[PDB]
Amino acid sequence: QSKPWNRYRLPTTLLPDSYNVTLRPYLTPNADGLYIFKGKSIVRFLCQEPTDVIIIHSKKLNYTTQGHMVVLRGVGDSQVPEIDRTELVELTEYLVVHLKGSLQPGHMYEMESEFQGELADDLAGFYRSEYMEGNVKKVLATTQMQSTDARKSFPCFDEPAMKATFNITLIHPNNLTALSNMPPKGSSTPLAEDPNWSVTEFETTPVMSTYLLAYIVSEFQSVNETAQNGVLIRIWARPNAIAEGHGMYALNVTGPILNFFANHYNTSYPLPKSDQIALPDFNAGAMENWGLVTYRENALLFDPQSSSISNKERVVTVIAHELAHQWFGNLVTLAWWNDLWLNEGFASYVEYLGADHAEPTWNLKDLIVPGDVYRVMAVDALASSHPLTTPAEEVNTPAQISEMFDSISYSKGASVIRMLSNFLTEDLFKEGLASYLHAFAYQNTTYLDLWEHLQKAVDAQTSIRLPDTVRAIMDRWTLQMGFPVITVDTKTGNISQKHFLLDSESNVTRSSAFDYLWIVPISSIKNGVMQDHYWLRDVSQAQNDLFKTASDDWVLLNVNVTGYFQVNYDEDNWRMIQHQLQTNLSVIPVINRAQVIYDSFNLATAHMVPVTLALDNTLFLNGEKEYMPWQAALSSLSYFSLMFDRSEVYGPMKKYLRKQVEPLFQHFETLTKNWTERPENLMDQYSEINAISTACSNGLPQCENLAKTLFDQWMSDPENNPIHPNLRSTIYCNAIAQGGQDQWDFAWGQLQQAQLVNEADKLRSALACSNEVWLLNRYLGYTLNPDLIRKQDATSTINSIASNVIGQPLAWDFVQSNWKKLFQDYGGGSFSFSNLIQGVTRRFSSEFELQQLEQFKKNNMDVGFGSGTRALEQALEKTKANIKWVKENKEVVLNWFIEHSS
Ligand SMILES: *[C@@H]1O[C@H](CO)[C@@H](O[C@@H]2O[C@H](CO)[C@@H](O[C@@H]3O[C@H](CO)[C@@H](O)[C@H](O)[C@H]3NC(C)=O)[C@H](O)[C@H]2NC(C)=O)[C@H](O)[C@H]1NC(C)=O
Ligand SMILES: *[C@@H]1O[C@H](CO)[C@@H](O[C@@H]2O[C@H](CO)[C@@H](O[C@@H]3O[C@H](CO)[C@@H](O)[C@H](O)[C@H]3NC(C)=O)[C@H](O)[C@H]2NC(C)=O)[C@H](O)[C@H]1NC(C)=O
Ligand SMILES: *[C@@H]1O[C@H](CO)[C@@H](O[C@@H]2O[C@H](CO)[C@@H](O[C@@H]3O[C@H](CO)[C@@H](O)[C@H](O)[C@H]3NC(C)=O)[C@H](O)[C@H]2NC(C)=O)[C@H](O)[C@H]1NC(C)=O
Ligand SMILES: *[C@@H]1O[C@H](CO)[C@@H](O[C@@H]2O[C@H](CO)[C@@H](O)[C@H](O)[C@H]2NC(C)=O)[C@H](O)[C@H]1NC(C)=O
Ligand SMILES: *[C@@H]1O[C@H](CO)[C@@H](O[C@@H]2O[C@H](CO)[C@@H](O)[C@H](O)[C@H]2NC(C)=O)[C@H](O)[C@H]1NC(C)=O
Ligand SMILES: *[C@@H]1O[C@H](CO)[C@@H](O[C@@H]2O[C@H](CO)[C@@H](O)[C@H](O)[C@H]2NC(C)=O)[C@H](O)[C@H]1NC(C)=O
Ligand SMILES: *[C@@H]1O[C@H](CO)[C@@H](O[C@@H]2O[C@H](CO)[C@@H](O)[C@H](O)[C@H]2NC(C)=O)[C@H](O)[C@H]1NC(C)=O
Ligand SMILES: *[C@@H]1O[C@H](CO)[C@@H](O[C@@H]2O[C@H](CO)[C@@H](O)[C@H](O)[C@H]2NC(C)=O)[C@H](O)[C@H]1NC(C)=O
Ligand SMILES: *[C@@H]1O[C@H](CO)[C@@H](O[C@@H]2O[C@H](CO)[C@@H](O)[C@H](O)[C@H]2NC(C)=O)[C@H](O)[C@H]1NC(C)=O
Ligand SMILES: *[C@@H]1O[C@H](CO)[C@@H](O)[C@H](O)[C@H]1NC(C)=O
Ligand SMILES: *[C@@H]1O[C@H](CO)[C@@H](O)[C@H](O)[C@H]1NC(C)=O
Ligand SMILES: [Zn+2]
């Protein structure tokens, strides 16, 4: 029998009731340069089963408690056993209190400790964050408990189902502000031992999970709003950011998003206030701490002067995502990390709904298709994928827990939940959702609890009928990896399903309890008219007249790609769809105009259609005004550009794209009144951004003229940038491409004085668009200079240069030559060799290039590859795949482009 302190899961013998936690960050180092925090805690817990050991989590804490590492008392008149000894077991991250007798069922105990830890700049637990305000380096104290780091700040039963109330006190410099989950109890009071410090106590939290705790000590300031129901809403940021008004957009959307969710969830916002805080360089991006949500600055702040529309979209959706969790995830919590997909998947879906409420003219809900569905299908159409569900007993270590946070959990989770809501109808979905939240409020669940409540809503009505239970359907989508391609023969109306893999030669070795068969909801449109809904049962082949067509008719499946699958047709139906798109595109919903392109290119990759059929699906684009179908083409063709931009294929390709985009460019020229005013809504603005990008990068003279004119105008009046933030990346890039050192030196000067990260990013990237070899090489020479290029931006800048067809050999030589910088950057800055390697070798598609990559690997003697070890293996395998693809596709693609480039 293994000792419990050697098991990764806590015993169930003791359950926490409530905690007092007092934390005191020391924001001045101890002269050795060490920053620390001190703390004191008392946990009150209940004995469920007799035990003579207390096992609680503790990570990187030193104990200074008088006596043993803890003091143990009984609550009320309970007697307590004497402590035998306390020890720390580092591997399983435990503090272990061995007792001389047993705790008694039904009795409550209080365990007190005093401790300290490093306030490291490690983004884990209670940690420090350094940033600049003018000449002064500022340091604040903040938290990131997700997933298993609460125990790094104080000893606790650090599993999500072991919920408790928390009384947080911060002891901090008297001129700084202290924030936590709950409002402060009142005004701060001086610390008696040293009145330079103050003591801020916070109101008791609701019953909640340790991973959602937060506390922050900083100089930050806020913009505020009180909602009609009295809920205080604040956006916190650096005093300069607040003064510039960069917190305003977030403040604008927050109230409406909270209102949307209270109604959507049929549940009041469960806290007295909402704080959201913008942290400089918060690498986790965003964390849904209950009542105190943390964001990286560029995720929460918005500058109308320099920020593009895509920046606005990022802000409203990231906010909606975190706010979604304040009910789903925080109020009702998944019992264990193996079900992380339900929590993050749900938030990743409803972020679009919440954002749509704040910005109802934007059609934001559409963006889940490009943003999540087709994104995750790329990795879920591999033999190396994995099911959404993982047995709980396989998820034990903090590393195993962290592995839950991936593209499948977030984006496939979002995709399958959106499919579920769609086939149930939103009204029915919302009813089950409300029932689930009301039943499990302040408690924990598994995904089976949601299915059961959804089933209850299904069973309480008669309109929506399903081919099986909610659970049996969802099991097909959650217990096995991947997704089917649905193939229709419109001559007969025969319809089939099979596990879709991009590599037709791939061997799947992960077994499925269902033999990779799904129960598939199938909406369809025929001649532009919605048909009756259909369910494909767990069969390989079926037939229905819904999918049988006449010679002059067409059918199209999966309206708005609500279903998590791709669709193939017989060539005749494809041709009819193409005809419809050529003659009157308005008849096919915009999302399906994108689907036709997305799916066919994937099908070509899989050898289920010829590559020419996929290309034929781009032919209609010359008349397409809307964002998504163009985006689908551009995403699908980026690999073609990557493979062929140094070959004889490139000329006809550019010419074809010039032909396709010219009318869209012309359209926006008129609509925008000679480019003076942006289109109204988000999607049209996105379309303009892509149109100008496509036009300019493919050498459309009218676009080249625009870019030169705007940049020249800017150079003649630097303080007044005439280029709208939406277009800056293209205009900057094309203009630097056309020009020489005058444009380059001007943009470099602008970069060096850039106050805002998003503008600096645009400049760094555009500078890589120079067509002068000497300018690119001189630029490369700058990438390793911290005075000129931030370390964190080094590999990104090299990759941008590599992306330039001219910079490709320059960057590859630069990387090979300077690879002797691994023992300079691995302990001091992680650097990410993996990204660099992938970026620089991205183009490789010849045996000769493979031979070069093998030769570079032949420095195996010491130096190594660091964190990019076996990312080099991925590059070698990718090159082999590229060689095979180019050989198979070169002639066919060349001839298609020549044929269709006029
Ligand atoms: C977790 O923290 C809580 C907040 O500090 C503690 O509750 C507080 O306990 C204090 C006593 O330890 C009380 O303060 C005063 O104590 C003096 C003792 O001499 C009494 O005269 C007073 O009655 C009392 N002051 C007032 C204004 O009543 C606090 O009253 C009390 N605060 C509360 C209940 O909100 C918890 O004790 C602590 N938990 C554990 C297990 O230690
Ligand atoms: C938690 O306790 C740890 C173990 O006691 C502390 O880590 C130790 O810090 C010591 C002092 O800072 C280091 O020992 C030596 O200290 C002398 C005098 O300060 C120096 O001359 C030496 O350079 C130093 N030794 C070395 C090899 O550098 C220990 O290195 C170190 N022990 C470890 C890490 O196992 C923590 O500081 C303490 N943390 C907090 C937040 O209180
Ligand atoms: C947070 O919400 C605010 C209220 O809805 C928005 O405030 C609006 O800002 C607009 C842009 O600054 C203003 O529109 C126009 O501004 C120009 C330039 O100064 C003026 O010429 C126009 O008179 C003005 N109105 C027009 C063209 O109709 C709005 O006036 C203003 N609305 C209100 C009620 O004050 C904020 O924009 C918003 N913050 C962010 C970052 O989006
Ligand atoms: C955290 O603070 C709360 C609020 O003061 C404490 O809740 C009280 O707990 C005591 C002892 O169990 C009860 O007599 C009171 O009825 C509670 N008050 C309320 C409003 O719930 C809680 O005990 C504190 N936590 C700890 C660990 O001391
Ligand atoms: C809070 O008080 C501290 C200590 O007086 C201030 O920190 C100093 O700030 C000045 C800049 O004006 C620096 O020159 C010093 O080096 C800082 N001293 C220390 C010990 O850090 C701080 O500026 C005050 N902050 C606010 C918001 O009032
Ligand atoms: C949650 O939903 C319920 C049920 O729809 C809401 O109660 C209804 O409110 C409307 C509004 O006038 C009434 O017409 C219905 O008669 C109510 N139905 C019932 C059964 O009470 C309720 O207001 C919602 N609650 C929250 C907190 O959002
Ligand atoms: C995890 O969640 C379950 C609910 O899904 C909790 O069990 C419930 O506890 C409440 C409140 O004490 C009872 O009213 C219910 O009867 C329980 N339902 C059950 C057992 O199905 C459970 O307590 C939570 N786990 C922890 C450690 O708090
Ligand atoms: C469409 O499905 C039908 C029926 O499932 C297929 O017809 C069957 O084909 C096999 C081939 O040997 C015959 O043995 C059966 O007798 C046929 N069943 C009939 C006619 O009812 C048909 O081949 C399919 N058509 C396709 C895939 O184009
Ligand atoms: C397919 O998606 C489109 C959006 O791309 C849906 O059209 C929207 O529908 C709602 C409700 O009918 C309207 O409020 C919006 O104004 C519509 N927007 C546009 C641009 O048309 C359409 O309803 C979806 N089709 C199906 C069958 O669900
Ligand atoms: C897959 O299995 C087949 C034999 O069934 C074999 O020919 C092939 O080499 C295997 N691997 C790949 C990557 O195709
Ligand atoms: C094309 O179809 C749209 C949408 O169904 C319709 O409104 C329009 O009349 C049609 N236009 C033409 C030119 O056929
Ligand atoms: Zn989330």
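Coordinate-derived values only; no laboratory data. All Cβ positions, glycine included, derive from the backbone under ideal geometry; neighbour counts span all protein chains shown.
A few remarks follow.
- Put in order of Cβ neighbour count within 10 Å, fewest first, the listed residues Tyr8, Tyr732 become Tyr8, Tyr732.
- Segment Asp787..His667, full-extension length gain: 38.8 nm, with 0.36 nm per residue of separation and the alpha-carbon distance subtracted.
- Taking the Cα centre of region 749-829 as reference, the dipole from Cβ charges on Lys and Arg (+1) and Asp and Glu (-1) amounts to some 120 debye.
- Proximal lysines to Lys456, defined as alpha-carbon separation beneath 20 angstrom and excluding residues fewer than eight positions away on the same chain: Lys430
- Label sites at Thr612 and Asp84, each approximated as a point 7 angstrom past Cα along Cα to Cβ, lie 8.1 nm apart.
- Mean residue ellipticity (222 nm) of the chain, computed from DSSP H runs ≥ 4 via -39,500 (n - 2.57), nearest 500: -12000 deg cm²/dmol
- Burial ordering of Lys673, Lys138, fewest other beta-carbon atoms within 10 Å first: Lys673, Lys138
- Between 0 and 90 degrees, the angle of helix 794-803 with respect to the longest Cα principal axis of the chain falls at about 10 degrees.
- Once the Cα-Cα distance is subtracted from the 0.36 nm per residue extended length, the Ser2 to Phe514 segment shows a gain of 180.7 nm.
- The stretch between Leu15 and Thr425, if pulled fully straight at 0.36 nm per residue, gains 143.6 nm over its current Cα-Cα span.
- Reachable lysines, given that their alpha-carbon falls under 22 Å from the alpha-carbon of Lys821 and they are not under 8 places away in the same chain: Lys791, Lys857, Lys858
- Taking other Cβ atoms within 10 Å as a rough exposure proxy, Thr210, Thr670, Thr177, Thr492 sort from fewest to most as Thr670, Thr492, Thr177, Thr210.
- Each peptide in 696-706, 271-281, 845-855 was scored by the mean count of other Cβ atoms within 10 Å over its residues; highest first, the order is 271-281, 696-706, 845-855.
- Degrees between helix 847-857 axis and first principal axis of the chain (Cα, 0 to 90, nearest 10): 20 degrees
- Rounded Å value of the spacing that divides the Cα centres of region 437-478 and region 662-706: 47 Å
- Note on region 808-875 and region 542-558: Cα centroid distance 51 Å, given to the nearest whole angstrom.
- Mean-position separation - Cα centroids, region 241-305 and region 77-137, in angstrom: 31 Å
- Unit charges at the beta carbon, dipole of the chain: most positive-side option, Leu271, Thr795, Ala120: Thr795
- Ranked by the mean number of other Cβ atoms within 10 Å of their residues, highest first, the peptides 97-109, 236-248 come out as 236-248, 97-109.
- Applying 1/(1 + (r/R0)^6) with r as the Cβ-Cβ distance of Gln852 and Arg575 and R0 = 51 angstrom yields a FRET efficiency of 0.75.
- Between the residues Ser551, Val488, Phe500, the greatest Cα displacement towards the positive end of the dipole of region 483-569, with unit charges on the Cβ of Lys, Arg, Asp and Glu, is found for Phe500.
- For region 680-694, 3J(HN,Hα) per residue [Karplus equation, 6.51 cos²θ - 1.76 cosθ + 1.60, θ = phi - 60°, Hz, x = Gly/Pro]: 6, 8, 4, 4, 5, 5, 4, 4, 4, 4, 5, 5, 5, 4, 4
- Ranked by the mean number of other Cβ atoms within 10 Å of their residues, highest first, the peptides 717-729, 455-467 fall in the order 717-729, 455-467.
- Rounded to the nearest 20, the size of the Cβ-charge dipole of the chain about its Cα centre is 720 debye, with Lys and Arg at +1 and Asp and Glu at -1.
- The chain: angle of helix 571-583 to the longest principal axis, Cα-based, in degrees nearest 10: 80 degrees
- Cβ distances below 4.7 Å define possible disulfide partners, and in the chain the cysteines left without one are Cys47, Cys156.
- Simple rule: put +1 on each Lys or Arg Cβ and -1 on each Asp or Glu Cβ in region 570-902, find the dipole, and look at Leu767, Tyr656, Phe848; the Cα lying farthest toward the positive end is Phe848.
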